[PDB]
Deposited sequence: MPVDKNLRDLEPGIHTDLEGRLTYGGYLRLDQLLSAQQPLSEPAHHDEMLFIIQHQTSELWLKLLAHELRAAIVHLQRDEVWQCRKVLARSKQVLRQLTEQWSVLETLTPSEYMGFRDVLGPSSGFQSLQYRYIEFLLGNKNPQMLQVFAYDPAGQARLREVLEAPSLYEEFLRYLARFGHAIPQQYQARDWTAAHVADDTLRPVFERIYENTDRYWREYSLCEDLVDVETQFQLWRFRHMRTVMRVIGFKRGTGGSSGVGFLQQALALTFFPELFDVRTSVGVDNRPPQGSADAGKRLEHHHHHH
C-alpha cells in the first residue's frame, strides 16, 4: 500500500523471526536476524549480478561497471556483517545450540545462485534443491548459461581479442577450466591500458568481486572458528576448502607474466 510499513511490508518481514527455544534465549534473535539480513543482501546481489551479465551481452560497458560497483558494495556489506556476529560467544551459543536443526548455509539457494552465476558451476548441486522445483529451475537456467566470466570472455572475443573459439559454443554446465592460452590475451590488455581501458576496467572489477568474495568466505570461516571451532572433509575444514577456489584464475595468473 501507500504506507511506509505497507510498501516495505514490515509486518511480514518483522514477524519472520521465530526463535524455537521454549525458554527463549536472548542470543537467538541475533542468530536469526544475522542470517536474514544476509539473505536479503544476497537477493539484491543476485539481482544486480544478473544485470551485469545482460549488460555484457549487450556490449554496455558503462552500465555493467555500474551494477558491478553496487555488487561490490553489497558484497562488502555481507563481509562487514560478520563483525556483529563475532559478539556471539560459545557461552551464549550453548544456550540454544541444541534446538537447532542439522541445516546449514549449504542449503542457501540464493547463495548457490551467486556461486553458479560467478562461475563455480556444479550439476550435482541441483538435487539438493528438489523440494522446490521452481527454485531448482531458476538454478538450472543459470547453470546452463555462460558465467559472468564467460560472458566477459565472449565480450572480449567481439572486439579483436584472441579468445579461444571454444568459448563460442560449449557445455556451460561444466565449470570453467583454467585456460593457459588466455594469458597472452590479458598481457596485451595490461600492457596497453590506454588503448584497452574498457577491458582493463572490467578486469579489475572482476578481481574486486572475487577478492571481496574471498573476504566474505574468510570472515565467514573465522567466525565459525570462534563459535564452534575446528575439529580436524565437511565442516569447518570444508570452509577452508572453498577459500582455495577461484572464479577467474586467468585474471590472477596474468599477474605473473604481465610485462615480462
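According to the record, C-alpha coordinates are lacking for deposited residues 1 to 20, 253 to 256, 285 to 306.
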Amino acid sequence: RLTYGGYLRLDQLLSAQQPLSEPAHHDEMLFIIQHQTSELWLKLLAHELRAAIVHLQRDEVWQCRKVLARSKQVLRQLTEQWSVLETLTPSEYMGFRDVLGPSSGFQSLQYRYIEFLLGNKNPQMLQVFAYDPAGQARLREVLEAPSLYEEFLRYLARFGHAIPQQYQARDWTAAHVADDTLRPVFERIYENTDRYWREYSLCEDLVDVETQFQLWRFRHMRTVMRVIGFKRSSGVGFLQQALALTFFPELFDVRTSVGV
From here on, numbers count along this sequence of modelled residues.
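Modelled in this chain, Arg232 is nonetheless absent from a third or more of the other compared entries whose models extend past it on both sides.
Compared with the other entries of this protein, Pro102 is frequently left unbuilt, missing from a third or more of those that build its neighbours.
Averaged over their C-alpha atoms, the temperature factors of 80 to 88 and 160 to 168 are higher for 160 to 168. If you average the C-alpha B-factors over 222 to 230 and over 36 to 44, the higher value belongs to 222 to 230. Sorting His176, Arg112, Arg138, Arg183 by the CA temperature factor given in the entry leaves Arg138 at the top. The PDB entry assigns its highest CA temperature factor, among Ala134, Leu117, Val74, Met94, to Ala134. When the modelled residues of the chain are ordered by their C-alpha B factor, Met125 lands in the highest third. Sorting the modelled residues of the chain by their CA temperature factor places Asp194 in the highest third. Annotation for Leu100: CA B-factor lies in the highest third of the chain's modelled residues.
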